[PDB]
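Next comes just one chain, in structure tokens: the form deposited in one PDB entry.
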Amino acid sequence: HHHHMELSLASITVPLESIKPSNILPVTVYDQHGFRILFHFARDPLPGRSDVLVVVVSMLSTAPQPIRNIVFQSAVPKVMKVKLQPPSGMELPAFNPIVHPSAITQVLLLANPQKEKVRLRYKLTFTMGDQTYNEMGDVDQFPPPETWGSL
């Protein structure tokens, strides 16, 4: 199964543009120093993947300073598998009212064949000004596995 989940997650790239996010309300995973991480949920737009949850991670900042070398990582229980696709970028500019704000996106795929409730551990690394922060935390406000295919 881990080999069948693994085989099913290998190679595949689900492009940002092909995802149709559900109105499920976004979950705010981190929100400190003007830096937030949000999770939007979507159905896997590829066939035969009702047991796969797509998570579009959005990283935003209203900080007065730039944020550099951003890396968001995630871990999950052995019964299921998570894969992160490369992020769109790794930096955010200081807030600039002249222009529209910016965002980093990162597509997460979560294969949960046994349809067990999801409990995710994240790790966040970012540099603001001159201190590198190393945050970690938990997320569990995921939509119920049985719906995943109708989001």
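One rule holds for the numbers: they count along the sequence shown, beginning at 1.
**Q** Quick one: higher average CA temperature factor, 140 to 148 or 1 to 9?
**A** Comparing 1 to 9 with 140 to 148, the higher mean C-alpha B-factor belongs to 1 to 9.
**Q** For the C-alpha atoms alone, is the average B factor greater in 127 to 135 or in 10 to 18, going by the entry?
**A** The recorded data point to 127 to 135.
**Q** Which one of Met90, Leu120, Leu53, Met59 shows the biggest C-alpha B-factor in the PDB entry?
**A** Each of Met90, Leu120, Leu53, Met59 was compared by C-alpha B-factor; the highest is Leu120.
**Q** What third of the chain, by the recorded C-alpha B-factor, contains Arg36?
**A** CA B-factor rank for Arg36: highest third.
**Q** Please place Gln114 in the lowest, middle or highest third of its chain by C-alpha B factor as given in the entry.
**A** For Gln114, whose C-alpha B-factor we compare with every modelled residue in the chain, the answer is the highest third.
**Q** Taking the C-alpha B-factors as the PDB entry records them, is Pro97 in the lowest, middle or highest third of its chain?
**A** Middle third of the chain for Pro97's C-alpha B-factor.
**Q** C-alpha B factor of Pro26, ranked within the chain: lowest, middle or highest third?
**A** Within its chain, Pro26 is a highest-third residue by C-alpha B-factor, going by the deposited values.
Separately, the form deposited with a partner chain bound exists; it is not shown, and the next lines address it.
**Q** Flag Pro86 as yes or no: does it have a non-hydrogen atom within 4.5 angstroms of any non-hydrogen atom of the partner chain in the entry with it bound?
**A** Contact with the partner chain, yes.
**Q** Although the partner isn't part of this model, could you tell me whether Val29 comes within 4.5 Å of the partner chain in the entry with it bound, counting any heavy atom of the residue?
**A** Heavy-atom contact with the partner chain at 4.5 Å: absent for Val29.
**Q** Taking heavy atoms only, is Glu116 within 4.5 angstroms of the partner chain in the entry with it bound?
**A** Judged by the heavy-atom cut-off of 4.5 Å, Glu116 is in contact with the partner chain in the entry with it bound.
**Q** Would you classify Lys123 as touching the partner chain in the entry with it bound, given a 4.5 Å non-hydrogen atom cut-off?
**A** Flag for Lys123 set to yes.
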